[PDB]
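target-v6.cif (mmCIF, C-alpha atoms and all ligand atoms)
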```
data_structure
#
loop_
_atom_site.label_atom_id
_atom_site.label_comp_id
_atom_site.auth_asym_id
_atom_site.auth_seq_id
_atom_site.Cartn_x
_atom_site.Cartn_y
_atom_site.Cartn_z
CA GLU A 1 14.24 13.77 -12.55
CA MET A 2 12.23 16.49 -10.71
CA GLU A 3 15.20 17.65 -8.53
CA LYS A 4 16.89 18.78 -11.80
CA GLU A 5 13.58 20.20 -13.19
CA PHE A 6 13.20 22.05 -9.79
CA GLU A 7 16.54 23.92 -10.24
CA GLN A 8 15.51 24.58 -13.94
CA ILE A 9 12.12 26.27 -13.12
CA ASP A 10 13.70 27.94 -10.02
CA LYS A 11 16.87 29.31 -11.78
CA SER A 12 14.65 30.39 -14.76
CA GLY A 13 11.93 31.64 -12.26
CA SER A 14 9.22 29.85 -14.40
CA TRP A 15 6.83 28.72 -11.55
CA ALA A 16 4.04 31.15 -12.65
CA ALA A 17 4.39 29.64 -16.19
CA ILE A 18 4.28 25.89 -15.19
CA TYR A 19 1.32 26.74 -12.87
CA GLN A 20 -0.58 28.46 -15.76
CA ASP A 21 0.03 25.43 -18.08
CA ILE A 22 -1.68 23.27 -15.38
CA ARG A 23 -4.63 25.76 -15.05
CA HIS A 24 -5.19 25.56 -18.88
CA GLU A 25 -4.78 21.71 -19.03
CA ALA A 26 -7.11 21.01 -16.02
CA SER A 27 -10.42 19.08 -16.42
CA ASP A 28 -13.75 20.93 -16.35
CA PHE A 29 -16.83 18.87 -15.40
CA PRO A 30 -20.39 19.86 -14.51
CA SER A 31 -21.13 21.01 -10.90
CA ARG A 32 -24.97 21.26 -11.29
CA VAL A 33 -25.95 19.99 -7.80
CA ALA A 34 -23.56 22.52 -6.08
CA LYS A 35 -25.29 25.57 -7.78
CA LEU A 36 -28.92 24.48 -6.98
CA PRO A 37 -30.32 27.52 -5.05
CA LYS A 38 -31.27 25.18 -2.10
CA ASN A 39 -27.50 24.42 -1.75
CA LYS A 40 -26.26 28.06 -1.78
CA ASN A 41 -25.96 28.16 2.08
CA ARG A 42 -23.91 24.85 2.07
CA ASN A 43 -20.97 26.47 0.12
CA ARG A 44 -18.26 28.62 1.75
CA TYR A 45 -17.10 30.09 -1.65
CA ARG A 46 -19.37 30.35 -4.77
CA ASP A 47 -16.35 29.62 -7.10
CA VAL A 48 -15.32 26.35 -5.28
CA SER A 49 -17.74 23.49 -6.11
CA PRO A 50 -17.44 19.70 -6.22
CA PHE A 51 -17.97 17.99 -9.60
CA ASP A 52 -21.23 15.97 -9.79
CA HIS A 53 -19.31 12.83 -10.83
CA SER A 54 -17.01 12.72 -7.75
CA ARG A 55 -19.14 14.46 -5.04
CA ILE A 56 -19.85 12.73 -1.66
CA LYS A 57 -23.58 12.18 -1.07
CA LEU A 58 -25.07 12.33 2.44
CA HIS A 59 -27.47 9.33 2.98
CA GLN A 60 -30.24 11.70 4.36
CA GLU A 61 -33.17 11.59 1.83
CA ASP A 62 -33.96 15.30 2.49
CA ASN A 63 -30.85 17.04 0.88
CA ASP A 64 -27.77 14.85 0.14
CA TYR A 65 -25.38 17.78 -0.69
CA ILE A 66 -22.04 18.47 0.99
CA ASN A 67 -19.10 20.44 -0.52
CA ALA A 68 -16.86 17.31 -0.57
CA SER A 69 -15.13 15.29 -3.36
CA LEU A 70 -13.73 11.73 -3.46
CA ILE A 71 -10.21 11.66 -5.04
CA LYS A 72 -9.41 8.03 -6.13
CA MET A 73 -5.70 7.46 -7.09
CA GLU A 74 -5.99 3.97 -8.73
CA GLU A 75 -2.22 3.14 -9.15
CA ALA A 76 -1.37 4.43 -5.60
CA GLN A 77 -4.43 2.55 -4.06
CA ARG A 78 -5.14 5.73 -2.04
CA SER A 79 -8.46 7.60 -1.66
CA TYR A 80 -9.10 10.98 0.01
CA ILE A 81 -12.21 13.04 0.69
CA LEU A 82 -11.37 16.73 0.22
CA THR A 83 -13.90 19.15 1.75
CA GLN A 84 -14.26 22.84 2.71
CA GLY A 85 -13.87 23.90 6.34
CA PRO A 86 -17.33 23.30 7.88
CA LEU A 87 -19.77 26.24 8.13
CA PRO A 88 -21.72 26.87 11.38
CA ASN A 89 -24.76 25.32 9.62
CA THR A 90 -22.86 22.27 8.12
CA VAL A 91 -20.95 20.91 11.20
CA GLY A 92 -23.66 18.17 11.56
CA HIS A 93 -23.33 17.35 7.81
CA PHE A 94 -19.53 17.09 8.18
CA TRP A 95 -19.74 14.51 11.01
CA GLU A 96 -22.57 12.56 9.18
CA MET A 97 -20.20 12.30 6.16
CA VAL A 98 -17.35 11.08 8.46
CA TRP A 99 -19.78 8.48 9.96
CA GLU A 100 -21.18 7.23 6.59
CA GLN A 101 -17.80 7.05 4.76
CA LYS A 102 -16.27 5.07 7.76
CA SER A 103 -13.32 7.51 7.85
CA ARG A 104 -10.69 6.91 10.64
CA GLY A 105 -8.86 10.31 10.35
CA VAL A 106 -9.65 14.02 9.83
CA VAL A 107 -6.69 16.14 8.64
CA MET A 108 -7.10 19.95 9.28
CA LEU A 109 -4.47 22.27 7.69
CA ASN A 110 -5.89 25.68 8.88
CA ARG A 111 -6.48 27.60 12.14
CA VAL A 112 -10.10 28.55 12.88
CA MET A 113 -9.03 32.25 12.61
CA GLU A 114 -6.50 33.43 10.00
CA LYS A 115 -6.00 37.07 8.84
CA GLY A 116 -8.67 38.18 11.43
CA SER A 117 -11.52 36.17 9.74
CA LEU A 118 -13.12 32.74 10.56
CA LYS A 119 -11.76 30.17 8.08
CA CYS A 120 -13.75 27.32 9.69
CA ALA A 121 -16.40 26.59 12.40
CA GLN A 122 -15.10 25.15 15.74
CA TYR A 123 -16.49 21.66 14.89
CA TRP A 124 -14.86 19.60 17.73
CA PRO A 125 -15.01 19.91 21.58
CA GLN A 126 -12.34 21.92 23.49
CA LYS A 127 -12.80 20.10 26.82
CA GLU A 128 -13.28 16.41 27.75
CA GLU A 129 -16.33 17.22 29.92
CA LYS A 130 -18.10 19.51 27.31
CA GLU A 131 -19.17 17.09 24.51
CA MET A 132 -21.09 18.29 21.36
CA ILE A 133 -24.51 17.07 20.20
CA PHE A 134 -25.49 17.60 16.52
CA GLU A 135 -29.30 17.46 16.79
CA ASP A 136 -29.86 17.63 12.99
CA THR A 137 -27.75 14.42 12.38
CA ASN A 138 -28.20 12.59 15.75
CA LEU A 139 -24.45 12.31 16.61
CA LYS A 140 -22.44 12.95 19.77
CA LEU A 141 -18.76 13.95 19.75
CA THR A 142 -16.41 13.71 22.79
CA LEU A 143 -12.81 14.84 23.25
CA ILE A 144 -10.95 11.79 24.73
CA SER A 145 -7.36 13.18 24.62
CA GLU A 146 -5.33 15.97 23.02
CA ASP A 147 -1.54 15.88 22.42
CA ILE A 148 -0.26 19.44 21.60
CA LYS A 149 3.20 19.62 19.90
CA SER A 150 5.02 22.56 18.36
CA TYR A 151 3.85 22.15 14.73
CA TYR A 152 0.61 20.08 15.08
CA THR A 153 -1.94 18.75 17.61
CA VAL A 154 -3.43 15.20 17.55
CA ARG A 155 -6.78 14.61 19.22
CA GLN A 156 -8.64 11.36 20.02
CA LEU A 157 -12.43 11.77 19.57
CA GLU A 158 -15.39 9.43 20.14
CA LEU A 159 -18.18 9.76 17.60
CA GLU A 160 -21.42 8.10 18.73
CA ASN A 161 -24.46 7.43 16.54
CA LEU A 162 -27.26 8.26 19.04
CA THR A 163 -29.72 6.34 16.72
CA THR A 164 -27.88 2.93 16.98
CA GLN A 165 -25.59 3.65 19.99
CA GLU A 166 -22.50 2.56 17.95
CA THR A 167 -19.28 4.48 18.70
CA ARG A 168 -16.03 4.93 16.75
CA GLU A 169 -12.68 6.45 17.53
CA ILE A 170 -11.73 9.32 15.14
CA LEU A 171 -8.20 10.81 15.01
CA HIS A 172 -8.04 14.58 14.34
CA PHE A 173 -4.68 15.67 12.88
CA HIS A 174 -4.41 19.46 13.12
CA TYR A 175 -1.44 21.21 11.46
CA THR A 176 -1.33 24.48 13.45
CA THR A 177 1.66 26.36 11.97
CA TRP A 178 0.95 26.91 8.26
CA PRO A 179 1.69 30.67 7.94
CA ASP A 180 -1.20 33.14 7.22
CA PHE A 181 0.63 34.15 3.99
CA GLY A 182 2.81 32.07 1.67
CA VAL A 183 4.04 28.54 2.48
CA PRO A 184 6.35 27.09 5.15
CA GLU A 185 10.08 27.90 4.57
CA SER A 186 11.11 24.22 5.00
CA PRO A 187 8.84 21.17 4.41
CA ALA A 188 10.32 19.23 7.39
CA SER A 189 7.41 19.81 9.84
CA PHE A 190 4.82 19.10 7.09
CA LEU A 191 6.56 15.78 6.15
CA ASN A 192 6.77 14.84 9.86
CA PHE A 193 3.00 15.57 10.09
CA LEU A 194 2.24 13.49 6.94
CA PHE A 195 4.33 10.54 8.35
CA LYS A 196 2.35 10.82 11.60
CA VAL A 197 -1.01 10.56 9.72
CA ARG A 198 0.35 7.47 7.84
CA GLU A 199 1.56 5.78 11.09
CA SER A 200 -1.95 6.17 12.58
CA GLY A 201 -3.43 3.87 9.90
CA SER A 202 -5.86 6.67 8.86
CA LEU A 203 -4.59 6.37 5.21
CA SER A 204 -4.97 2.58 5.09
CA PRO A 205 -7.43 0.56 2.95
CA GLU A 206 -8.92 -1.16 6.05
CA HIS A 207 -10.70 2.22 6.73
CA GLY A 208 -12.84 4.67 4.75
CA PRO A 209 -10.99 7.52 3.06
CA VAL A 210 -9.30 10.17 5.17
CA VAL A 211 -11.18 13.55 5.25
CA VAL A 212 -8.76 16.44 4.44
CA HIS A 213 -9.71 20.16 4.72
CA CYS A 214 -8.35 23.73 4.83
CA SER A 215 -10.79 26.71 4.25
CA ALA A 216 -11.78 25.92 0.60
CA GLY A 217 -10.37 22.34 0.54
CA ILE A 218 -8.19 22.89 -2.62
CA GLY A 219 -4.92 24.70 -1.63
CA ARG A 220 -3.19 23.26 1.48
CA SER A 221 -5.48 20.17 1.17
CA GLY A 222 -4.14 19.68 -2.39
CA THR A 223 -0.49 19.84 -1.21
CA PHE A 224 -1.20 17.15 1.44
CA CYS A 225 -2.78 14.63 -1.04
CA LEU A 226 -0.29 15.39 -3.86
CA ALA A 227 2.76 14.83 -1.59
CA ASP A 228 1.34 11.59 -0.09
CA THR A 229 0.41 10.11 -3.55
CA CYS A 230 3.78 11.02 -5.21
CA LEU A 231 5.85 9.52 -2.33
CA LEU A 232 3.74 6.28 -2.45
CA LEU A 233 4.23 6.06 -6.27
CA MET A 234 8.02 6.38 -5.73
CA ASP A 235 7.96 3.29 -3.36
CA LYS A 236 5.77 1.29 -5.79
CA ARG A 237 7.54 1.92 -9.16
CA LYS A 238 10.67 0.07 -10.48
CA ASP A 239 11.95 3.56 -11.50
CA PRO A 240 11.03 6.26 -8.93
CA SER A 241 12.11 9.12 -11.30
CA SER A 242 9.26 8.14 -13.72
CA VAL A 243 6.84 9.95 -11.27
CA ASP A 244 5.76 13.27 -12.88
CA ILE A 245 4.24 15.59 -10.17
CA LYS A 246 2.40 17.62 -12.93
CA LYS A 247 0.86 14.38 -14.31
CA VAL A 248 -0.33 13.40 -10.79
CA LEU A 249 -1.73 16.86 -10.04
CA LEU A 250 -3.70 16.80 -13.35
CA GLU A 251 -5.11 13.29 -12.52
CA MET A 252 -6.21 14.66 -9.09
CA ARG A 253 -7.89 17.72 -10.75
CA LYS A 254 -10.26 15.31 -12.60
CA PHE A 255 -11.83 14.77 -9.11
CA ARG A 256 -11.85 18.31 -7.62
CA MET A 257 -11.17 21.72 -9.23
CA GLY A 258 -8.38 24.15 -8.29
CA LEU A 259 -6.15 21.79 -6.26
CA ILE A 260 -2.94 23.85 -5.55
CA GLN A 261 -4.12 27.50 -5.58
CA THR A 262 -0.73 29.20 -6.23
CA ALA A 263 2.69 28.72 -7.86
CA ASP A 264 4.07 29.00 -4.28
CA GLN A 265 2.02 25.92 -3.29
CA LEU A 266 3.26 24.11 -6.47
CA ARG A 267 6.93 24.94 -5.59
CA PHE A 268 6.36 23.83 -1.95
CA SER A 269 4.83 20.48 -3.22
CA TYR A 270 7.93 19.74 -5.42
CA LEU A 271 10.17 20.54 -2.37
CA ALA A 272 8.03 18.37 -0.04
CA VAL A 273 8.20 15.40 -2.49
CA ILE A 274 11.97 15.88 -3.24
CA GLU A 275 12.82 16.07 0.49
CA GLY A 276 10.41 13.21 1.32
CA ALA A 277 12.11 11.01 -1.36
CA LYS A 278 15.44 11.31 0.62
CA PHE A 279 13.69 9.81 3.76
CA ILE A 280 12.37 7.00 1.42
CA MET A 281 15.69 6.13 -0.43
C1 LIG B 1 -22.41 31.13 3.07
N1 LIG B 1 -21.56 31.26 4.28
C2 LIG B 1 -20.10 31.38 4.01
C3 LIG B 1 -22.10 31.26 5.59
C4 LIG B 1 -23.29 30.56 5.96
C5 LIG B 1 -23.81 30.57 7.25
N2 LIG B 1 -23.20 31.28 8.25
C6 LIG B 1 -22.05 31.97 7.97
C7 LIG B 1 -21.51 31.96 6.69
#
```
Is it possible to express this structure as structure tokens?
Amino acid sequence: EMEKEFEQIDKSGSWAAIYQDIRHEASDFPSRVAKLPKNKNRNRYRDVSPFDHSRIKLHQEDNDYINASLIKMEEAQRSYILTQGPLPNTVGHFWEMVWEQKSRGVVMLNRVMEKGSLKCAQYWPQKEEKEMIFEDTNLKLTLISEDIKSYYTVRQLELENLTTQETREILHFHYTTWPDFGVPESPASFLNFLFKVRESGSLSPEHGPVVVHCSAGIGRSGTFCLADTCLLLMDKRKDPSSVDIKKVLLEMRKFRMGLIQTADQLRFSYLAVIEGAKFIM
């Protein structure tokens, strides 16, 4: 059981050590398309690249590249698209990916400004009456409603394909209170937020995979997917204590590099799963 293993690593202060074992054990696959010089401007960080095997393609014949990975968890029957925070020049690409993959939800785990720098372009409208047109991808985006709570905001958006005049409702789940440094003290607000995304039906097999992002799409984004998958595996298995969080993280790293950036994020993920398991048992 991981609750016991938590006290072990904690009392022995071994988090840096576990985390390094995971670093060394993690898959390494080619990322050739990401490093093409034509794609340099489409990447927020030169050291964070999708693997060729798991990358999302845009359907535009011109240049199909976006910094986005499909994570398929076969036993949990859960998929996720992890992506970087959009750049000023890739906001149209982001929404074209959301349109093509038939996603129902976008989960955002960062503020647009953190530590006095832009972590992300402002890629959605701030006012009902000021909609956004992405000329490069022929899409229109409208704010329908916005529900601001203490720890997170939920927004209702209409995405319209100007080419075919089809429209879809997108839910934007924005966690607003992840601290600039370190991790939340308690995982309660994060778990609440994750249960709210689940309730929406954004994580359901009826729809395309949820799109999850922070700045790089590996740290906070990793914690989100890891917690959701582990909790779902605990519902599904005859013995819930058979779920090894290190095994699940390693399976997820076959699909995108660097998921969980720090030993703090690893500790927080254990804590989120352990606490979440109480609300599930
Ligand atoms: C490469 N990169 C992070 C950027 C591209 C375009 N505008 C601002 C930043």
Write out as a PDB file with C-alpha atoms, in the frame of the given file each polymer residue whose atoms come within 10 Å of residue 273 of chain A, counting all atoms listed in the file; drop sequence neighbours fewer than 5 positions from it.
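out-v9.pdb was written with the following content:
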```pdb
ATOM      1  CA  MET A   2      12.230  16.490 -10.710  1.00  0.00           C
ATOM      2  CA  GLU A   3      15.200  17.650  -8.530  1.00  0.00           C
ATOM      3  CA  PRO A 187       8.840  21.170   4.410  1.00  0.00           C
ATOM      4  CA  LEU A 191       6.560  15.780   6.150  1.00  0.00           C
ATOM      5  CA  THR A 223      -0.490  19.840  -1.210  1.00  0.00           C
ATOM      6  CA  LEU A 226      -0.290  15.390  -3.860  1.00  0.00           C
ATOM      7  CA  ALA A 227       2.760  14.830  -1.590  1.00  0.00           C
ATOM      8  CA  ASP A 228       1.340  11.590  -0.090  1.00  0.00           C
ATOM      9  CA  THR A 229       0.410  10.110  -3.550  1.00  0.00           C
ATOM     10  CA  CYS A 230       3.780  11.020  -5.210  1.00  0.00           C
ATOM     11  CA  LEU A 231       5.850   9.520  -2.330  1.00  0.00           C
ATOM     12  CA  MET A 234       8.020   6.380  -5.730  1.00  0.00           C
ATOM     13  CA  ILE A 245       4.240  15.590 -10.170  1.00  0.00           C
ATOM     14  CA  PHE A 268       6.360  23.830  -1.950  1.00  0.00           C
ATOM     15  CA  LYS A 278      15.440  11.310   0.620  1.00  0.00           C
TER      16      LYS A 278
END
```
Contacts of segment 45-55 of chain A at 10 Å (all atoms listed in the file; same-chain gap of 2+ positions) as a ChimeraX atom specification: /A:28-35,40-43,57-58,65-72,81-84,215-218,254-258
Output file for the selection above: C-alpha atoms, as an mmCIF file, in the coordinates of the input:
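Saved the output as selection-v4.cif:
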```
data_model
loop_
_atom_site.group_PDB
_atom_site.id
_atom_site.type_symbol
_atom_site.label_atom_id
_atom_site.label_comp_id
_atom_site.auth_asym_id
_atom_site.auth_seq_id
_atom_site.Cartn_x
_atom_site.Cartn_y
_atom_site.Cartn_z
ATOM 1 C CA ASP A 28 -13.750 20.930 -16.350
ATOM 2 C CA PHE A 29 -16.830 18.870 -15.400
ATOM 3 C CA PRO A 30 -20.390 19.860 -14.510
ATOM 4 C CA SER A 31 -21.130 21.010 -10.900
ATOM 5 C CA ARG A 32 -24.970 21.260 -11.290
ATOM 6 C CA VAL A 33 -25.950 19.990 -7.800
ATOM 7 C CA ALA A 34 -23.560 22.520 -6.080
ATOM 8 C CA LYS A 35 -25.290 25.570 -7.780
ATOM 9 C CA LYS A 40 -26.260 28.060 -1.780
ATOM 10 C CA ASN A 41 -25.960 28.160 2.080
ATOM 11 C CA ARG A 42 -23.910 24.850 2.070
ATOM 12 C CA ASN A 43 -20.970 26.470 0.120
ATOM 13 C CA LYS A 57 -23.580 12.180 -1.070
ATOM 14 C CA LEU A 58 -25.070 12.330 2.440
ATOM 15 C CA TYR A 65 -25.380 17.780 -0.690
ATOM 16 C CA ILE A 66 -22.040 18.470 0.990
ATOM 17 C CA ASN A 67 -19.100 20.440 -0.520
ATOM 18 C CA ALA A 68 -16.860 17.310 -0.570
ATOM 19 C CA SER A 69 -15.130 15.290 -3.360
ATOM 20 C CA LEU A 70 -13.730 11.730 -3.460
ATOM 21 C CA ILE A 71 -10.210 11.660 -5.040
ATOM 22 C CA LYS A 72 -9.410 8.030 -6.130
ATOM 23 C CA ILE A 81 -12.210 13.040 0.690
ATOM 24 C CA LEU A 82 -11.370 16.730 0.220
ATOM 25 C CA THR A 83 -13.900 19.150 1.750
ATOM 26 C CA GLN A 84 -14.260 22.840 2.710
ATOM 27 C CA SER A 215 -10.790 26.710 4.250
ATOM 28 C CA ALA A 216 -11.780 25.920 0.600
ATOM 29 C CA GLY A 217 -10.370 22.340 0.540
ATOM 30 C CA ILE A 218 -8.190 22.890 -2.620
ATOM 31 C CA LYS A 254 -10.260 15.310 -12.600
ATOM 32 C CA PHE A 255 -11.830 14.770 -9.110
ATOM 33 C CA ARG A 256 -11.850 18.310 -7.620
ATOM 34 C CA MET A 257 -11.170 21.720 -9.230
ATOM 35 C CA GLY A 258 -8.380 24.150 -8.290
#
```
Figure out the distance between atom CA of residue 110 of chain A and atom CA of residue 27 of chain A, please, to one decimal in Å.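 Distance reported for this atom pair: 26.5 Å.
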Residues near residue 189 of chain A, anyone? I mean within 12 Å using all atoms listed in the file, not counting same-chain ones fewer than 4 positions away, as an MDAnalysis selection string. chainID A and resid 149:152 175:178 183:185 193:196 272 275:276
Selected residue, from A:120, A:15, A:74, A:172, that lies nearest to ligand LIG 1 (chain B) when counting all atoms listed in the file: A:120
One-decimal distance in Å that lies between atom CA of residue 190 of chain A and atom CA of residue 249 of chain A: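 Taking atom CA of residue 249 of chain A as the start and atom CA of residue 190 of chain A as the end point, the length is 18.5 Å.
With distances restricted to all atoms listed in the file, A:214 is the closest residue to residue 109 of chain A from A:214, A:248, A:263, A:225.
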Pick out the closest residue to residue 156 of chain A from this set: A:98, A:203, A:141, A:170. Count only C-alpha atoms.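 Checking each of A:98, A:203, A:141, A:170 against residue 156 of chain A, counting only C-alpha atoms, the winner is A:170.
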Once 4 Å is added on each side, what are the centre and the three edge lengths, in Å to one decimal, of the axis-aligned box enclosing the listed atoms of ligand LIG 1 (chain B)? Present them as JSON.
```
{"center_x": -22.0, "center_y": 31.3, "center_z": 5.7, "size_x": 11.7, "size_y": 9.4, "size_z": 13.2}
```
Within 10 Å of residue 114 of chain A using only C-alpha atoms, minus same-chain residues under 2 positions, as a PDB file with C-alpha atoms, keeping the file's coordinate frame:
```
ATOM      1  CA  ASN A 110      -5.890  25.680   8.880  1.00  0.00           C
ATOM      2  CA  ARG A 111      -6.480  27.600  12.140  1.00  0.00           C
ATOM      3  CA  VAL A 112     -10.100  28.550  12.880  1.00  0.00           C
ATOM      4  CA  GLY A 116      -8.670  38.180  11.430  1.00  0.00           C
ATOM      5  CA  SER A 117     -11.520  36.170   9.740  1.00  0.00           C
ATOM      6  CA  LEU A 118     -13.120  32.740  10.560  1.00  0.00           C
ATOM      7  CA  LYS A 119     -11.760  30.170   8.080  1.00  0.00           C
ATOM      8  CA  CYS A 120     -13.750  27.320   9.690  1.00  0.00           C
ATOM      9  CA  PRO A 179       1.690  30.670   7.940  1.00  0.00           C
ATOM     10  CA  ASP A 180      -1.200  33.140   7.220  1.00  0.00           C
ATOM     11  CA  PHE A 181       0.630  34.150   3.990  1.00  0.00           C
ATOM     12  CA  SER A 215     -10.790  26.710   4.250  1.00  0.00           C
TER      13      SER A 215
END
```
Top pick for closest residue to residue 18 of chain A, considering A:56, A:73, A:133, A:266 and counting all atoms listed in the file: A:266
